[PDB]
């Protein structure tokens, strides 16, 4: 019945992705089925010409990066394609082949952009969401893939100059990398990697003291707390920890957040030892 007619329409939309004359409408309809159709990612991945058609939408926006000329209509169409790629990135049947094809690298030109226009800010936000869905799988394969790319410097620049939503996702991505044992060891491997992160995190604390954000501060504190697990990083944090994290600067913005207050108390306790 209706379950059948919906599945037949999805197969029709997937085939319509291969034609430029019908791809825009197919992108719109399929992105609506991202949450309700658990088998969507294998159906997209089944023919690689479908994935090539999705990537063609991605590649078509590269000329809009310099100078930043991306419009809201152009950004919305590609974000729909990114939403379908996010489906493939998070499904356990397609996640490994998705990483083996290095598909996330097609999004890195978007993450490298610095334009503060809304079409680019939301393009980075949706692009960060694809990476965010990858680290939510809690797979070792995801962390190893991200460490062989330049995702850390891309996230750090967004964490200091992006919008609040983009800073939150970018900080969450860094948080998930740090929570992995190899990711923490990677950032503490050299002086430059750790100092770059500590400088960015400290700058965000300064920005948060002027414009408070409970959701962003939660992930910043979690990054600091995880860094304190490394002995060399713990000694460095005893000297460079922002005073706003030791004072009652954020007591009002955390008046209802019991989780961040517990992490902040654990962080200062890890540094006193």
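Definition used throughout: the rigid core is the maximal C-alpha set that superposes within 1.5 Å between two forms. Residue numbers count along the first chain shown, from 1.
Between 233-241 and 207-215, report the one with more C-alpha displacement in 8 other deposited structures of this protein relative to this form after a rigid core superposition.
Relative to the shown form, the greater RMS C-alpha distance in 8 other deposited structures of this protein belongs to 207-215.
Which of the two stretches, 67-75 versus 197-205, has its Cα atoms farther on average from this form in 8 other deposited structures of this protein when everything is superposed by the rigid core?
Once the cores are fitted, 67-75 deviates more in 8 other deposited structures of this protein.
Regarding 94-102 and 112-120, which shows the higher C-alpha temperature factor on average in the entry?
Comparing 94-102 with 112-120, the higher average CA B-factor belongs to 112-120.
Going by the B-factors listed in the PDB entry, is the mean over the C-alpha atoms higher for 209-217 or for 49-57?
According to the entry, 209-217 carries the higher average C-alpha B-factor.
Selection from 126, 148, 80, 140 [criterion: highest C-alpha temperature factor in the record]:
Within the set 126, 148, 80, 140, 140 shows the top C-alpha B-factor.
For residue 71, does the deposited CA B-factor place it in the lowest, middle or highest third of the chain?
It belongs to the middle third of the chain when residues are ordered by C-alpha B-factor.
Among the chain's modelled residues, which third holds the C-alpha B-factor of residue 185?
Its C-alpha B-factor belongs to the highest third of this chain's values.
Quick one: classify residue 195 as lowest, middle or highest third of the chain based on its Cα B-factor.
Ranked within chain, residue 195 CA B lands in the highest tercile.
Which third of the chain does residue 226 land in by C-alpha B-factor: lowest, middle or highest?
It falls in the bottom third of the chain.
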